[PDB]
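Here's the letter readout for the chains.
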Amino acid sequence: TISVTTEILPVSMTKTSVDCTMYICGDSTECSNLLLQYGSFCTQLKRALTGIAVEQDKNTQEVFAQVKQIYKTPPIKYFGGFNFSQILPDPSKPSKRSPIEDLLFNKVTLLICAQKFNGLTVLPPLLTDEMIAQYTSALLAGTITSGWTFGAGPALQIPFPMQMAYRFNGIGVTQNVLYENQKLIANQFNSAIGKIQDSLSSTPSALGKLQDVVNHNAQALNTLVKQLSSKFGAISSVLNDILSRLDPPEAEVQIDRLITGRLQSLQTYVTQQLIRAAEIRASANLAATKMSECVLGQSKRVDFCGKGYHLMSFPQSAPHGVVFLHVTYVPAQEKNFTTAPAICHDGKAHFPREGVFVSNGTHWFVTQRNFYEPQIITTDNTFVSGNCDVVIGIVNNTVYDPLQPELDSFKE
Amino acid sequence: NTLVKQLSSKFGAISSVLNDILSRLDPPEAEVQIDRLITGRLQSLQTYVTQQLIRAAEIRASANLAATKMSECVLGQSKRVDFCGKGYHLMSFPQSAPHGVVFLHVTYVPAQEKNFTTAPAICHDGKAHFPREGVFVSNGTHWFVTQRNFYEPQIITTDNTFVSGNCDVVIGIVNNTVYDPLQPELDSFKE
Amino acid sequence: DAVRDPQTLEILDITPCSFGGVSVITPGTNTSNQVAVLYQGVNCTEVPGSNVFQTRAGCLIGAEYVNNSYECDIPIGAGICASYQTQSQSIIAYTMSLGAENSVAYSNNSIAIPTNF
Ligand SMILES: *[C@@H]1O[C@H](CO)[C@@H](O[C@@H]2O[C@H](CO)[C@@H](O)[C@H](O)[C@H]2NC(C)=O)[C@H](O)[C@H]1NC(C)=O
Ligand SMILES: *[C@@H]1O[C@H](CO)[C@@H](O[C@@H]2O[C@H](CO)[C@@H](O)[C@H](O)[C@H]2NC(C)=O)[C@H](O)[C@H]1NC(C)=O
Ligand SMILES: *[C@@H]1O[C@H](CO)[C@@H](O[C@@H]2O[C@H](CO)[C@@H](O)[C@H](O)[C@H]2NC(C)=O)[C@H](O)[C@H]1NC(C)=O
Ligand SMILES: *[C@@H]1O[C@H](CO)[C@@H](O[C@@H]2O[C@H](CO)[C@@H](O)[C@H](O)[C@H]2NC(C)=O)[C@H](O)[C@H]1NC(C)=O
Ligand SMILES: *[C@@H]1O[C@H](CO)[C@@H](O[C@@H]2O[C@H](CO)[C@@H](O)[C@H](O)[C@H]2NC(C)=O)[C@H](O)[C@H]1NC(C)=O
Ligand SMILES: *[C@@H]1O[C@H](CO)[C@@H](O)[C@H](O)[C@H]1NC(C)=O
Ligand SMILES: *[C@@H]1O[C@H](CO)[C@@H](O)[C@H](O)[C@H]1NC(C)=O
Ligand SMILES: *[C@@H]1O[C@H](CO)[C@@H](O)[C@H](O)[C@H]1NC(C)=O
Ligand SMILES: *[C@@H]1O[C@H](CO)[C@@H](O)[C@H](O)[C@H]1NC(C)=O
Ligand SMILES: *[C@@H]1O[C@H](CO)[C@@H](O)[C@H](O)[C@H]1NC(C)=O
Ligand SMILES: *[C@@H]1O[C@H](CO)[C@@H](O)[C@H](O)[C@H]1NC(C)=O
């Protein structure tokens, strides 16, 4: 059974910047002179947020920008009967995005913009959505046209059924299994893509991580703006009323507590953003590693690129994240048999070159491990090692020689 | 440097020097003069320690990645794609650096390309012949088998291929002759 | 956000000041001395000598938009990057080039095999 699963990984968040004077002081003059005496806190906060923004710009570059050249699919689209229409971009839409990417964009929902006008500025990302989609399309065209050859060096053309035969040969299944079951595997793959198209749409809690990222950013900015209107043990929370009602020698000490409160709130916001940036960096590094291993090649690591024996992976872009579609091979309907470690023929122990000795109850065969394909035990399927009295569990059988009867028939 | 510069601030006090304040006033409000200096310097120290903790947390992850790369790339050969350099990994060499390590990754890259005609299987006597390892390659006239990552054509023999099924189920099978190395030597020397 | 006028019974919406950050774009100080100026997130009708360009990131003054595409050198944002080059020497702004465009001649009976390494 061919199975196709999802994995959603956040890659970045929103880039933000804050002003020293404007947030703490509402364009007051003496407030600036009082804030200047404290030192250089907001220089450190500005450098921290600038480093965070540069890191967030680098995070998306380390994941998507991994191809040397931009690839395209041929205008004719027939890949061995496999049908890739759900992941390739649709030229009818003015944005070259697949139906899966359109569904992921419409699923994530990004007056509150005017409230963040107290020194807070949201900076746009360097890479826009169309450019990231062009990277995604180039990766898809490279991985369905050239296989894993373009990830190491120059791209080498190969037919897709032969690429599937190569991928089967890497998980312990001989390539004759695919070529004798091409239509069934193509139908299973198409059915899996058709099911996973609306598996995300049926459940509204699938894209929890990206929504959590945008909600965390929104509530952090919102609670900063809320805390801007607090009193911190003063007579008033607005500077213009308190400066214009008391004389400066008492107004100074009365607004110093406002300065300290707003400064501490800024420090808390910057520290929380730094911790979230570290977490997002770890997630982006994991996503970049998964793009390098699952998409550009075949991974032998267990449960890394999905559940089961890994076959391929396809990348899709999402708001502040990436989605991997892992295509894996899963075993199915089982049969049990009696097995032996070796075969005794003429006082010599015969061990399988590759596979396993199987009996239905009457005769003995040798077959490959992950698929039932019994064959006659010949002298080329086995190798001789030692005598018969050292291996326990050895059984009585014969080994057919494809050489002796040809000579004793043809020579005479 | 920022810590040492910040040490010379006032934080709302009359002076930035403790000895200047102490020799200027009497104690019972010199203590409230210096309490603001105390608050500012504790805040500065806590900020510095928090930043150092975050930077050390980042440095730990970088060092763990470096240790993993030293264990995998240098002490063995890695099959992970684009881990120990670009291309098929061959070797790696470590070098020391001030507060860091430098890995020299030796890898293998294909250089010059040619295209041929390919088939998934070969039909000989109503039976399908699949490659044991490699790929079927035609220059235009005859058919050979070769390994994947290097061009090395060889005559299609009965030891380079294996038999699986008849000649009616594989899409794209072509007609060819598989040379048996056994029967000409037995048709020459027996007679 | 909005107020009623006390004399005429009228809705008035209030929007606060534009403001924003200013940034400078320069090459190395030994290469040249001329710079470009970026005003972040503002419309170019609120900035007060030609070569004024409107960008989704902001307003850019001192650099000219070129329809060609190159590798990014100094990033502004929204796919816009600046560089110092001839056309004598000047600072230009452009859209990023992702890479060389390539076509792979895929076919159902063709394979490519390397002959050298
Ligand atoms: C690949 O899958 C797509 C999507 O299911 C198929 O497009 C459908 O084709 C049928 C038959 O003409 C139409 O009724 C549907 O409306 C099409 N769907 C869409 C979304 O356009 C497509 O035919 C498949 N490709 C092949 C070669 O069979
Ligand atoms: C497997 O075959 C061997 C063939 O030699 C059997 O061993 C012989 O069994 C007979 C009958 O009991 C004895 O007379 C011989 O002395 C045995 N020879 C040896 C070398 O032990 C053997 O019994 C068969 N079965 C198993 C389970 O091993
Ligand atoms: C494909 O390769 C075969 C390899 O045998 C080429 O056939 C040989 O060509 C050379 C050069 O003329 C002759 O000296 C040999 O006698 C040929 N061998 C045989 C068995 O006939 C063949 O020419 C190649 N085809 C192309 C189009 O280059
Ligand atoms: C070469 O391949 C062809 C098909 O391209 C085979 O021709 C078939 O042969 C069988 C058995 O003789 C006939 O029943 C079919 O009618 C043939 N098909 C066609 C389309 O003609 C042929 O057997 C292969 N081998 C040789 C030696 O010619
Ligand atoms: C593979 O490429 C190498 C270079 O990477 C080729 O070696 C060159 O061979 C020519 C012809 O003899 C010499 O003039 C050059 O000096 C060689 N270069 C180097 C770096 O040694 C080699 O010939 C190529 N192999 C094949 C089979 O084409
Ligand atoms: C297969 O297992 C079942 C129990 O699960 C057992 O009854 C049966 O005999 C086994 N078959 C063979 C051929 O050993
Ligand atoms: C086991 O397989 C062989 C294959 O020749 C067959 O003859 C035999 O009947 C099978 N055993 C049973 C119990 O069906
Ligand atoms: C190799 O590819 C080129 C185009 O890249 C094509 O013209 C040529 O026919 C191909 N050669 C063969 C033998 O198929
Ligand atoms: C105030 O005076 C203006 C003068 O034109 C008039 O239109 C308006 O209706 C007056 N106020 C009220 C509350 O009606
Ligand atoms: C800038 O203001 C002008 C004048 O109102 C307007 O036409 C233009 O669309 C504005 N530009 C942007 C990018 O909003
Ligand atoms: C191989 O390619 C052509 C053109 O893309 C396609 O229509 C055809 O079905 C394939 N060839 C055969 C013999 O099936």
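Residues numbered from 1 in each chain as written, not as in the entry; some residues may be left out. Chains lettered and ligands numbered in written order. Part of a larger assembly, values for the part shown. Heavy atoms only, no water.

Determination of this PDB entry was carried out by cryo-EM to a resolution of 3.01 Å, according to the record.

Draft legend 1. Inspection of the sheet that holds strand β9 (residues 80–86) of chain C at higher detail. Residues and elements named next belong to chain C. One open sheet accounts for four strands, arranged β7-β10-β9-β8; its pairing is mixed. With partners counted over all chains shown, the strands left at the sheet margins are β7 (64–70) and β8 (74–77), one partner each. Here the strands of the sheet are splayed against their neighbours by 45 degrees on average, with no regard to which way each runs. In the sheet, β9 pairs with strand β10 (residues 89–96) via seven bridges, with the strands oriented antiparallel. (Pairing = 2+ DSSP bridges. Helix = DSSP H or I, 4+ residues; strand = E, 2+ residues; numbered from the N terminus. Axes fitted to C-alpha atoms, helices over the stretch in contact; angles between N-to-C directions.)

Draft legend 2. Geometry of the site of ligand 1. All names here are of chain A. By nearness alone, every residue bordering ligand 1 is listed as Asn-83, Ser-85 and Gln-86. Between ligand 1 and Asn-83 there is a distance of 2.4 Å, counted from an oxygen atom to a side-chain nitrogen or oxygen. In this structure, an oxygen atom belonging to ligand 1 sits 3.2 Å away from a side-chain N or O atom of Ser-85. When the free accessible area of ligand 1 is taken as 580 Å², the share hidden by the protein chains comes to 17%. (Near = heavy atom within 4 Å. Polar contact = N/O pair within 3.5 Å; in protein donor to acceptor, adjacent residues only side chain to side chain. Areas by Shrake-Rupley, 256 points an atom, 1.4 Å probe, with all protein chains shown as cover.)

Draft legend 3. Summary view of the side chain of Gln33(B). Residues and elements named next belong to chain B. Residue placement: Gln-33 occurs in helix α3 (residues 27–74). Take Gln-33: its relative accessible area is 13%, and that puts it in the buried class. In this structure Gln-33 touches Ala-13, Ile-14, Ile-21 and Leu-25, once residues within four positions along its chain are discounted. (Buried < 20%, exposed > 50% of the residue type's maximum accessible area, 1.4 Å probe, protein only. Contact = heavy atoms within 4.5 Å.)

Draft legend 4. Region of the structure containing the interface of chain C and chain B. Counting residues at the interface gives nine residues for chain C, matched by 19 residues for chain B. Where chain C abuts chain B, roughly 1300 Å² becomes buried across the two surfaces, and 65% of that area is made up of carbon and sulfur atoms. Where chain C meets chain B, there are zero salt bridges. Counting across the chain C and chain B interface gives seven residue pairs in polar contact. By residue class, the composition of the side of chain C that touches chain B is five nonpolar, four polar and no charged. Here strand β3 (residues 113–117) of chain B runs beside strand β12 (residues 110–114) of chain C; their pairing, made up of five bridges, is antiparallel. Counted as the bridge partner of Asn115(B) is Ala112(C) from β12(C). (Buried area = accessible area lost by both parts, 1.4 Å probe. Salt bridge = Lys/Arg side-chain N within 4 Å of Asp/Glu carboxyl O. Nonpolar A, V, L, I, M, F, W, Y, C, P; charged D, E, K, R; others polar.)

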